[PDB]
> 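This is the structure, below, for whatever I ask next.
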Protein chains: 6
Amino acid sequence: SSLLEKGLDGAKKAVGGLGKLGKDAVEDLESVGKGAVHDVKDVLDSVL
Amino acid sequence: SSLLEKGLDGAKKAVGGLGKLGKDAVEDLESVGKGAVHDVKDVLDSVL
Amino acid sequence: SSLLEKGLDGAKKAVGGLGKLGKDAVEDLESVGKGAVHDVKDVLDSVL
Amino acid sequence: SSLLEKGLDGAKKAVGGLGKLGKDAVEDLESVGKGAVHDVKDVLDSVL
Amino acid sequence: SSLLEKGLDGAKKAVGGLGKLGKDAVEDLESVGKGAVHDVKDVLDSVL
Amino acid sequence: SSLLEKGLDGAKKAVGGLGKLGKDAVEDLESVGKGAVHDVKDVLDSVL
Ligand SMILES: [Zn+2]
Ligand SMILES: [Zn+2]
Ligand SMILES: [Zn+2]
Ligand SMILES: [Zn+2]
Ligand SMILES: [Zn+2]
Ligand SMILES: [Zn+2]
Ligand SMILES: [Zn+2]
Ligand SMILES: [Zn+2]
Ligand SMILES: [Zn+2]
Ligand SMILES: [Zn+2]
Ligand SMILES: [Zn+2]
Ligand SMILES: [Zn+2]
């Protein structure tokens, strides 16, 4: 079987993997930010 | 109503918006990369 | 290279773009609705 | 417990459910469109 | 047209459908869990 | 600050984390399945 299409599949899979890794990072930051805001609200609930 | 929780909502919404903007960017790149690989396969279909 | 597969790629990309545009719209409405409910809860926190 | 926050939760959950239903619809159409393009490519593979 | 690629498309579509069904299940559980935590917070708001 | 809401946040975050872990698993399997079908198509391209 062809090394050539095998190589483009290597590229394709790597691209997908990076998209996976990227999407995980963004969602992580989203939750990190909204979690910080929530934890802040908590301190201003037990005080005001 | 309180400026304070209003401000944390400002932060929360901004965080969500950035997560939206971020997720759009990643998905765009994913498709850009897999599209390039596909278009390359096309040239190596009409030739080999 | 073939206009034909080039055209089907035109269709494919347009379909993907619409799916992108569509998914953005739904998520926007989701957040719009849940944001309204949250802002309502806020008024019934500073009052009751 | 309060009927009021219970009601806003009713609204919130309904909004989420609609977002779910909506996202499912968009993704379905995405795949329907890209599937049609693929099946078309198949006929123009076994012929040209 | 070929039964063979027709069959692999059968497999592909079934795989996608399972991924759809799976993603729906996970998101459902996510919301079920976070909804339970929210409803619990409600009881400890009207009491403490 | 209250151990109680701190604990429910522990639960909430754990639930979200599981949803993350779950969604990653489903998407992984989706791609594993569609990748296998693609690699099979490749062998039936270089032969038939
Ligand atoms: Zn992570
Ligand atoms: Zn909290
Ligand atoms: Zn874009
Ligand atoms: Zn093409
Ligand atoms: Zn938007
Ligand atoms: Zn608020
Ligand atoms: Zn469906
Ligand atoms: Zn096919
Ligand atoms: Zn469901
Ligand atoms: Zn509630
Ligand atoms: Zn993984
Ligand atoms: Zn291949």
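The chains referred to below are lettered A, B, ... by the order of the sequence lines, with proteins before strands, and numbering in each begins at 1.
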> Does E:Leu3 CG have over 12 foreign heavy atoms under 6.0 Å away?
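12 or below, so no.
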> Look at E:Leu48, E:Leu29, E:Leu4 and state which one has the largest set of heavy-atom pairs under 4.5 Å with chain F.
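Answer, by heavy-atom pair count under 4.5 Å with chain F: E:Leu4.
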> Could you tell me which portion of F:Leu18 (side chain, backbone, both or neither) has an atom closer than 4.5 angstrom to a non-hydrogen atom of chain E?
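When you check distances to chain E, no heavy atom of F:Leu18 falls under 4.5 Å.
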> Going through the distances and angles, do F:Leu8 and E:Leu44 end up as a side-chain contact (heavy atoms from CB on, under 4.5 Å)?
CA-CA 10 Å; F:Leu8 306 183; E:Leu44 279 47; 4.1 Å; yes
> If you measure from NZ on E:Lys41 to CG on F:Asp9, what distance do you get to the nearest 0.5 Å?
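E:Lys41 NZ to F:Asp9 CG: 6.5 Å, rounded to 0.5 Å.
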> What are the residues of residues 30-37 of chain E, in order of number, with any heavy atom under 4.5 angstrom from a heavy atom of chain F?
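Listed by number: E:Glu30, E:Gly33, E:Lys34, E:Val37.
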